[PDB]
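Input: a single structure, listed below in structure tokens.
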Amino acid sequence: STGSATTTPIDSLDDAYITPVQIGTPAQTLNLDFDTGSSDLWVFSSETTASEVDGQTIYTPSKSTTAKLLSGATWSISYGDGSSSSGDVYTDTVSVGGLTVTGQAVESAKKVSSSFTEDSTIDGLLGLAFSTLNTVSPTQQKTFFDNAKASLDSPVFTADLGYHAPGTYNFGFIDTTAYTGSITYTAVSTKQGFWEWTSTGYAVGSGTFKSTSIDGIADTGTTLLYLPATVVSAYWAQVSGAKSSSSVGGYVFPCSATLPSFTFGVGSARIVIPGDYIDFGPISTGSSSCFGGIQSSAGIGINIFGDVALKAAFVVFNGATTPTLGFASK
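Quick note on numbering: mature numbering (1 follows the signal peptide of the UniProt record, and there is no 0) labels position 75 of the sequence shown as 144, and the sequence is numbered without any gaps.
Pasting the structure below:
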């Protein structure tokens, strides 16, 4: 089997991407944030505290003939941005782009933090990291990908995110029309439960490539590119007037600037992030200070190849017995 679904930016900045997902019988379609940095499929629901719902579409298990309470199971998750959610668990039929999993754990939110309430366009998350990070207790549950894997034509999914445009998540096949050149594969460590890999270095603009190992995670659920302070300083040093602002919470730059590109290494291959991808616009409405798309990972504890990086590539998440990651230009 295979599946193919379009993923769409939630706003003009590509702050996140949503993908329609069918849950239950008859289908209830919710728009979920596919997150390769976590491993819970959770949704706003008829159980979510009413004051914490503001425009989201909810899953109502009582209206699904295939929903079953997973008795005694609870979940609770905290994300790196300080947001969180928790609740109980149903199993139900879940379909993505024509690919169906029966018996998928659907984590129903009883509580969500303010960041989620305020994002009316995101009806929940679909985790695509390794199932070892799943938070359901006392019986840990599998991700949608893990459940689908044995049925897939090939044990892979691909992320093809657009810059200010829709893109595609495919399951079970590699669309050879969706990228240019060849795909370069690189080793993955699953020790922390993430799609963790080591970039071979970077360049700023038309500058020389610096060969240096940068361990990080491929995380479709993180908006920006978070890299070591040394790398990030070298980038922003090439932008007149750019500075790190503790009041704003990161690097800002004059909105009048033209940003240089940023290149990262994948083995001997190179992925170029155009300068425009690094512009996240005014810090507040009408401001002439703009927020940067490359930020320091210092104090996160991990480098994160988020959407800024991933959307410059066609990315293969290879979940074969030895997992790997593939990157191609597009």
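Yeah, the Cβ is synthetic: ideal placement off N, Cα and C, and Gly gets one too.
Using 10 angstroms around the beta-carbon of residue i, count the other beta-carbons present and answer buried if the total reaches 16, otherwise exposed.
| i | result |
| --- | --- |
| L293 | buried |
| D83 | buried |
| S357 | exposed |
| residue 400 | The displayed coordinates of the chain run from 70 to 399. Any statement about residue 400 would go beyond what the structure contains. |
| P95 | exposed |
| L195 | buried |
| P235 | exposed |
| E187 | exposed |
| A378 | buried |
| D123 | exposed |
| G368 | exposed |
| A85 | buried |
With which residues is residue i paired in a DSSP beta bridge?
| i | result |
| --- | --- |
| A338 | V335 |
| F396 | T253 and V384 |
| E176 | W111 and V158 |
| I363 | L294 |
| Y271 | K279 and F333 |
| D188 | DSSP, once it has assigned bridges, lists no residue as partnering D188. |
| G193 | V112 |
| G285 | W266 and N372 |
| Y86 | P78 |
| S314 | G319 |
| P351 | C359 |
Does DSSP put residue i in a helix, in a strand, or in coil?
| i | result |
| --- | --- |
| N203 | coil |
| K132 | helix |
| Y238 | strand |
| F263 | coil |
| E116 | coil |
| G344 | helix |
| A219 | helix |
| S358 | strand |
| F213 | helix |
| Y320 | strand |
| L139 | strand |
| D102 | strand |
| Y232 | coil |
| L379 | helix |
| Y248 | coil |
| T169 | strand |
| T391 | coil |
Under 8 Å by Cβ, that's how I've got residue i and residue j pegged, so tell me the actual separation to the nearest angstrom.
| i | j | result |
| --- | --- | --- |
| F374 | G285 | 5 Å |
| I79 | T190 | 4 Å |
| residue 401 | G319 | The displayed coordinates of the chain run from 70 to 399. Any statement about residue 401 would go beyond what the structure contains. |
| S280 | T269 | 6 Å |
| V165 | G72 | 5 Å |
| residue 57 | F213 | What is shown of the chain runs 70 to 399, which leaves residue 57 out entirely. |
Whose C-beta lies closer than 7 Å to the C-beta of residue i among residues of the same chain, with five residues either side of it excluded?
| i | result |
| --- | --- |
| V273 | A303, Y304, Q307, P329 and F331 |
| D348 | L328, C359 and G362 |
| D192 | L99, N100, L101, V112, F113, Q125 and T126 |
Excluding the five sequence neighbours on either side, which residues of its own chain have a C-beta within less than 6 Å of the C-beta of residue i, listed in chain order?
| i | result |
| --- | --- |
| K211 | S200 |
Are any of the Cβ atoms in chain B nearer than 8 Å to that of residue i?
| i | result |
| --- | --- |
| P323 | As a matter of chain content, chain B is missing from the structure shown, which is built from one protein chain. |
Counting only the same chain and skipping the five closest in sequence on each side, list residues whose C-beta sits under 8 Å from that of residue i.
| i | result |
| --- | --- |
| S309 | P323 and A326 |
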